[PDB]
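J.: what's the 3D shape of this:
(8 chains, ligands or ions: 22)
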Amino acid sequence: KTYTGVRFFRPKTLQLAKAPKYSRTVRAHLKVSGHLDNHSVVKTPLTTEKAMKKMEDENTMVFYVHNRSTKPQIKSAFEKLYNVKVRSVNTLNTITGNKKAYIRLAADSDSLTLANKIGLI
Amino acid sequence: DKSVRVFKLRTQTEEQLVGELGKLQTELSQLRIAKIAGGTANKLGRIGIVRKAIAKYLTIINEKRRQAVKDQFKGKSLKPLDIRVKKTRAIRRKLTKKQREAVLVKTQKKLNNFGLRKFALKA
Amino acid sequence: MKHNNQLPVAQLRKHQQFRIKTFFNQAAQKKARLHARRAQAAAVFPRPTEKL
Amino acid sequence: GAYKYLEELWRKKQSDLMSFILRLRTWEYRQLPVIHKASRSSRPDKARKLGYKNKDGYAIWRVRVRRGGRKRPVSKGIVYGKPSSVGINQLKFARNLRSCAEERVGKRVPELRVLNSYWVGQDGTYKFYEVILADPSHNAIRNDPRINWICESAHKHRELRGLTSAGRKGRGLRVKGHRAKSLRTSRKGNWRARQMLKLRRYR
Amino acid sequence: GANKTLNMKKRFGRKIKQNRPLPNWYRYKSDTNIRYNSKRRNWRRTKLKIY
Amino acid sequence: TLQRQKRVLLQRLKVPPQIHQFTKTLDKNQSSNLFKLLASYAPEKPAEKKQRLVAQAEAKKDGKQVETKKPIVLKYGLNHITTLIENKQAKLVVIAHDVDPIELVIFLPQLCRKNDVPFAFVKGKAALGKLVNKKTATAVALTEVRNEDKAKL
RNA sequence: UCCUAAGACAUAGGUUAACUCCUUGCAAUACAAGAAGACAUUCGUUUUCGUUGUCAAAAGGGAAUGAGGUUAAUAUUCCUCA
RNA sequence: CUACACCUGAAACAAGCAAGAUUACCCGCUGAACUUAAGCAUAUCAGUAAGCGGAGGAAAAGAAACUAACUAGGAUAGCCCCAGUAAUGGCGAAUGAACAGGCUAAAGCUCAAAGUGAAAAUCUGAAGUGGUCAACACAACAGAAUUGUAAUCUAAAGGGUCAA
Ligand SMILES: [Mg+2]
Ligand SMILES: [Mg+2]
Ligand SMILES: [Mg+2]
Ligand SMILES: [Mg+2]
Ligand SMILES: [Mg+2]
Ligand SMILES: [Mg+2]
Ligand SMILES: [Mg+2]
Ligand SMILES: [Mg+2]
Ligand SMILES: [Mg+2]
Ligand SMILES: [Mg+2]
Ligand SMILES: [Mg+2]
Ligand SMILES: [Mg+2]
Ligand SMILES: [Mg+2]
Ligand SMILES: [Mg+2]
Ligand SMILES: [Mg+2]
Ligand SMILES: [Mg+2]
Ligand SMILES: [Mg+2]
Ligand SMILES: [Mg+2]
Ligand SMILES: [Mg+2]
Ligand SMILES: [Mg+2]
Ligand SMILES: [Mg+2]
Ligand SMILES: [Mg+2]
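T.: Numbers count the residues shown, from 1 in each chain, chains lettered A, B, ... in the order given. Ligands and ions are numbered 1, 2, ... in the order given. Let me share the structure:
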């Protein structure tokens, strides 16, 4: 028709959503959620003079964390698992290939206690 | 403290198997914490036991879920690839028997009106 | 190139190493043919072996 | 039948009609990409003889291939070797153009199977061909006993193995006879065959 | 130096673990000929490939 | 750009006789009349063949054989029409001007002259399609008419 | 990690028996390729403006932290304070 | 000019197909020098190595535009012969097949092209129904197709008329 512009451009077409006909795999069809489980997030407690000095003195716990985990993931998972309020999470990748997490509890809880219930004393 | 028997597991429900899974996992973590702090050989063995256990539980759960999805899709082609036959790319890519033997008209005619016969010569 | 003997005719001039044929299969092959023939008879039983 | 009429038309190519249709065509093709997909077959009476059919599962594509000869790809015309080997300009490529066309199509469209091809005309610097492909993923081709053969694994990319009419010609296979003896069953195989030194356990 | 890829870290960790000596109790097995770990490596005398 | 240019070349070039003779088309009146007649002669759609096969099968299977009439059909198609032109059977030939490629239809006109059959150039292949229940047809022909239509022929 | 540089590579188009090769920021040897808004808030609807990618800097560009204390081994990172 | 039809091209979406691997054997290309000619260019090594593109369980080849001239034979492939022969070659070095004949093995078939025109008789998908339910049989509805699908036909025939 009437053209304001000098150049052609492709007409807007109705682009439908992608609708599978059959579900591609079992998992898909079962609507499997890949979120990492809380207990796979926090793995192991740390016993070293360092770890302990941190538990006694700094109100901190040191745990090995699942490698692909994030800090917020650790905070949440640690609360859901241990019934504690985590004030801060810090992350290390050891050369040995693990994630150290330095966790500081709020003033509410006491690391030493969680230690005691866990069998870490 | 006893070994886990498969059939016994296939007896229960999905809920049941799941709850048990969670329990087992919690067990494991407690146990590794055993290793780390101080621990008795009992706890060490406990570890391997519970691991294998958890595997078994999962195995069952999938057996069930699977047979379920297969059930829904029973009867239809256009199942999810998970379930579709996996043999060889070459196998599936190939022609059918229907198509292998399938024959042009003139052919069916000759096959009727001429064909091959049983004969014997005598001497 | 020395004596009165007839002018040689070259054989191994090219690389024949790649081109040699070996006959040990022959032994088994004969046998195979036999059984083939026989298994033909059995499957053709009422009819003659060689066509007219 | 309309088809014989067409045939004679195309055998008449010098007539002003044919020349006209051709210059026009050639122009169109020069306008389209090097390898494009055709919607119909510019030459139906020909495409038929090769086994095109209008039913789903058949496709035609046009290709334009460069006219010429093979300049030898060595740099700066430099070739180290005896005077017979140094040579560049006047060399001609072993396989024919038509076959080239087939193979370019074949590679642009590797899913399909090349059945055949036919000349749609040529200009000064080009030659245009249409190539007839069957889609082996289409049940029509599968269930048809006539073309279902080209559906099985062994028939893959026959243009490239020179099993096309063009390939067969390039192999001299359009000659059966004692002038052809050397060519039969792959002149490399014919050659290996004679070259064989046979050594039998007895004698 | 300081700066490293993950890949690097992981590889280094690997080779670090693999560099342990044969555990003293493996030499007591019935089917083994292995007195020592023949594959041990010393950073000074032999270098890895990481780039 | 192509589509336009094709047209332009066709106009600005020297078009030969055969191709140009397809430029002669019945003025809207003539055409329209012709389409009316041909439309009256249209061939069966599917439903109509089902009805008649079912109905005739019931008549022959149940009561007894009935006398059937040789149907009066419109002719369609290049090979068929060509044959019917060779055999003199065609009373009327109607060709579309719009055919591509033109070769398909080019022998028709002189063919009809040699067979003394009247041949016309109409504008549309789509039109011929509608007459025949296809997307497009190259040519349409008439063989039999019924007394009423003789006047028109 | 983001940014751009000397540069480089896709895509598109073309060349090759083929592999390979040629172009592309002043962006093309290409070109019916984009972005935004709003209601809708999915689509859809609707509106507006529109030619089309990416990688390359641990000295270049580059949003904001400091002092004190602590370990056998880390710290402008942990602790305390600001 | 509009609706609409058809030709041509485009986007998104559904269902399917290709992309790499394999090395001994197979296919299509590409392609040298060392070496031998007691030098060396033609030649030889040799269509050989290296390189590239394609497969398969085998590949390729195959129903004559073949031989042979004889009282002829008769697809393709391998074995034996013909043969180190005819021929090729600075007629130097050196290249070098096949027919006939003895065997192994055996097999023959599908299209284009006057002919449904008493009627697209055709092909593909298919919500679905039966099923041995991935593989089978029907299937409401949809597409492909007269710029032609299926039945007859393929030269050994064949159409038309009879017909055991
Ligand atoms: Mg064998
Ligand atoms: Mg089509
Ligand atoms: Mg050139
Ligand atoms: Mg060329
Ligand atoms: Mg073949
Ligand atoms: Mg470094
Ligand atoms: Mg050193
Ligand atoms: Mg060194
Ligand atoms: Mg730049
Ligand atoms: Mg550049
Ligand atoms: Mg800064
Ligand atoms: Mg701070
Ligand atoms: Mg369309
Ligand atoms: Mg490959
Ligand atoms: Mg040597
Ligand atoms: Mg010497
Ligand atoms: Mg030679
Ligand atoms: Mg294989
Ligand atoms: Mg010999
Ligand atoms: Mg013989
Ligand atoms: Mg169904
Ligand atoms: Mg339809």
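J.: Counting neighbours, what do you get for residue 52?
T.: You didn't pick a chain, so chain A it is. Neighbour count of residue A:52, defined by other Cβ atoms under 10 Å in any protein chain shown: 17. Just so you know, the C-beta spots here come from the backbone N, C-alpha and C atoms, and that holds for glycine as well.
J.: The chain in question should be chain F.
T.: For residue F:52, the neighbour count with other Cβ under 10 Å is 12.
J.: Residue of chain D closest to chain A, please.
T.: The nearest approach of chain D to chain A comes at residue D:137, 17.1 Å away (Cβ to the nearest Cβ).
J.: and that residue, how far is that from residue B:3?
T.: Distance of residue D:137 to residue B:3, given as Cβ to Cβ, to the nearest Å: 52 Å.
J.: For the residue of chain E most remote from its centre, which three-state class applies?
T.: Computed with Cα atoms, centre = their mean, the residue of chain E farthest from its C-alpha average is residue E:30, at 24.7 Å. Secondary structure assignment for residue E:30 (DSSP: H, G, I helix; E, B strand; the rest coil): coil.
J.: how close does it sit to chain D?
T.: Counting by Cβ to the nearest Cβ, to the nearest Å, the gap between residue E:30 and chain D amounts to 51 Å.
J.: again with residue B:65
T.: Residue B:65 is 33 Å from chain D, where distance means Cβ to the nearest Cβ.
J.: Let me see the ranges of the strands in chain F.
T.: Ranges of strands in chain F, per DSSP state E, are F:74-76, F:92-96, F:119-122, F:139-142.
J.: Of all the residues in chain F, which one is nearest chain B?
T.: Nearest residue of chain F to chain B (Cβ to the nearest Cβ) works out as residue F:79 at 21.8 Å.
J.: okay, now that residue: neighbour count?
T.: 11.
J.: got a list of what it touches?
T.: D:1, D:2, D:3 (Cβ atoms under 8 Å, 6 or more residues apart in numbering or on different chains).
J.: What is the burial count for the residue nearest to residue F:76 when sequence neighbours are not counted?
T.: Leaving aside its sequence neighbours, residue F:76 sits nearest to residue F:132 (Cβ to Cβ, 6 or more residues apart in numbering or on different chains; 4.3 Å). Neighbour count of residue F:132, defined by other Cβ under 10 Å: 19.
J.: Also residue D:128?
T.: 22.
J.: For RNA strand G, see how far away it is.
T.: Using Cβ to the nearest atom of the strand, to the nearest Å, residue D:128 is found at 12 Å from RNA strand G.
J.: Need the three-state assignment for that residue.
T.: Of the three states, residue D:128 takes strand under three-state DSSP.
J.: quick one: it and residue D:27 touch, right?
T.: No - between residue D:128 and residue D:27 no contact is recorded; they are 10.9 Å apart, counting by Cβ atoms under 8 Å.
J.: Which ones among the contacts of residue F:79 also lie next to RNA strand H?
T.: D:1, D:2, D:3 (Cβ under 7 Å from any atom of the strand).
J.: quick one: the helices in chain B?
T.: Assigned by DSSP state H, the helices in chain B fall at B:6-11, B:14-37, B:41-73, B:89-93, B:97-101, B:105-113.
J.: try chain E
T.: Along chain E, counting by DSSP H, helices occupy E:6-17.
J.: Residue of chain B closest to RNA strand G, please.
T.: residue B:36 (16.2 Å; Cβ to the nearest atom of the strand).
J.: residues contacting that residue?
T.: A:44, A:45, A:47, A:120.
J.: For chain B, what lies in contact range of RNA strand H?
T.: B:73-79, B:85, B:89-90, B:92-93, B:96-98, B:104-107, B:109-110.
J.: Which of the residues you listed are buried? Put it as a ChimeraX command.
T.: ChimeraX command restricting the residues of chain B next to RNA strand H to the buried ones, with burial defined by 16 or more other Cβ atoms under 10 Å in any protein chain shown:
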select /B:73,79
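J.: Following the host helix or strand of residue D:61 in sequence, what is the next regular element?
T.: Residue D:61 belongs to strand D:58-66 when assigned by DSSP states H and E. Once the chain leaves strand D:58-66, the next helix or strand it forms, by DSSP H and E, is helix D:97-108.
J.: Now do the helices in chain A.
T.: Using DSSP H, helices in chain A cover A:26-29, A:38-41, A:49-57, A:71-82, A:111-118.
J.: List of residues touching the longest one?
T.: Among residues not part of helix A:71-82, those counted as contacts by Cβ under 8 Å, 6+ apart are A:36, A:38-39, A:41-42, A:63, A:65, A:69, A:84-86, A:89-91, A:101, A:103, A:114, A:118.
J.: let's see it at 7 Å
T.: Defining contact as Cβ atoms under 7 Å, 6 or more residues apart in numbering or on different chains, one finds that helix A:71-82 is touched by A:36, A:38-39, A:41-42, A:65, A:84-86, A:89, A:91, A:101, A:103, A:114.
J.: what distance separates it from the centre of its chain?
T.: Distance of helix A:71-82 from the chain centroid (Cα atoms, centre = their mean, to the nearest Å) equals 8 Å.
J.: can you tell if it touches RNA strand G?
T.: No - Helix A:71-82 stays clear of RNA strand G (Cβ under 7 Å from any atom of the strand), getting no nearer than 11.1 Å.
J.: picking that back up, since we're on the residue of chain D closest to chain A, how many residues are nearby?
T.: Neighbours of residue D:137 using other Cβ under 10 Å come to 12.
J.: Work out for me the element it sits within.
T.: Residue D:137 belongs to no helix or strand when assigned by DSSP H and E.
J.: where's residue B:107 relative to residue B:114, distance?
T.: Applying Cβ to Cβ, the value for residue B:107 to residue B:114 is 11 Å.
J.: How about residue F:108, nearest residue that isn't a chain neighbour?
T.: In this structure, residue F:108 finds its nearest non-sequential neighbour in residue F:95, 5.6 Å apart by Cβ to Cβ, 6+ apart.
J.: Now do the same for residue D:116: helix, strand or coil?
T.: strand.
J.: Can you name the residues in contact with stretch D:113-120?
T.: Applying Cβ under 7 Å, 6+ apart, the contact partners of stretch D:113-120 are D:25, D:42-43, D:46-47, D:50-51, D:62, D:98, D:101-102, D:105-106, D:128-134, D:136, D:150, D:155, D:158-159, D:164-166.
J.: could you redo the last one with a cut-off of 6 Å?
T.: Under the criterion Cβ atoms under 6 Å, 6 or more residues apart in numbering or on different chains, residues D:42-43, D:46, D:50-51, D:98, D:102, D:106, D:128-134, D:136, D:150, D:159 lie in contact with stretch D:113-120.
J.: List buried residues within those residues.
T.: Among the contacts of stretch D:113-120, the ones that count as buried by 16+ other Cβ under 10 Å are D:42-43, D:46, D:98, D:102, D:106, D:128-134, D:136, D:150, D:159.
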